[PDB]
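One letter stands for each residue in the lines below.
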Amino acid sequence: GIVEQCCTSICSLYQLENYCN
Amino acid sequence: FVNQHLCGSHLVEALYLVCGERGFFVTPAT
């Protein structure tokens, strides 16, 4: 899932801000 | 924003620095 991908990698700035609500 | 893998406290700090005071939800950790 996205949490797994953001964890086990250098999470990109946009992948990170995609979480923002 | 910083670099490195974010798994751990770094993710919360990342979300705080990028989304701000709104954007994610953290339960009271105790």
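- Listed under the method field of the entry is solution NMR.

A short note on the environment of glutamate 17 of chain A
Part 1 of the reasoning: By secondary structure assignment, the location of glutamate 17 of chain A is in helix α2 (residues 13–17).
Part 2 of the reasoning: Between the C-alpha atom of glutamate 17 of chain A and that of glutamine 5 of chain A, which follows or precedes it by twelve residues, the distance is 14 Å.

A closer look at the nonpolar core
The tendency in soluble globular proteins is for nonpolar side chains to be buried as a group.
Part 1 of the reasoning: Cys6, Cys11 and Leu16 of chain A together with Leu6, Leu11, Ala14, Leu15 and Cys19 of chain B form the largest nonpolar core, which has eight residues in total.
Part 2 of the reasoning: For this core, the element with the most residues is helix α1 (residues 9–18) of chain B, which contributes three residues.

Quick notes on unusual backbone geometry
Part 1 of the reasoning: Phi is positive for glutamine 4 of chain B, which is not a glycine, with a value near 70°.
Part 2 of the reasoning: Topologically, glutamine 4 of chain B is positioned in the segment before α1.

What about the interface of chain B and chain A?
Part 1 of the reasoning: Contact residues are listed per partner, giving eleven residues for chain B and twelve residues for chain A.
Part 2 of the reasoning: On inspection of chain B and its partner chain A, the count reaches zero salt bridges.
Part 3 of the reasoning: Inspection of the region where chain B meets chain A yields two residue pairs in polar contact.
Part 4 of the reasoning: Considering only residue class, the side of chain B that touches chain A consists of eight nonpolar, three polar and no charged.

About the criteria used
- Residues numbered from 1 in each chain as written, not as in the entry; some residues may be left out.
- Chains lettered and ligands numbered in written order.
- Heavy atoms only, no water.
- Residues with missing side-chain atoms left out of burial classes, pairs and counts.
- Helix = DSSP H or I, 4+ residues; strand = E, 2+ residues; numbered from the N terminus.
- Core = buried A, V, L, I, M, F, W, Y, C linked by side-chain atoms within 4.5 Å.
- Buried < 20%, exposed > 50% of the residue type's maximum accessible area, 1.4 Å probe, protein only.
- Contact = heavy atoms within 4.5 Å.
- Salt bridge = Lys/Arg side-chain N within 4 Å of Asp/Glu carboxyl O.
- Polar contact = N/O pair within 3.5 Å; in protein donor to acceptor, adjacent residues only side chain to side chain.
- Nonpolar A, V, L, I, M, F, W, Y, C, P; charged D, E, K, R; others polar.

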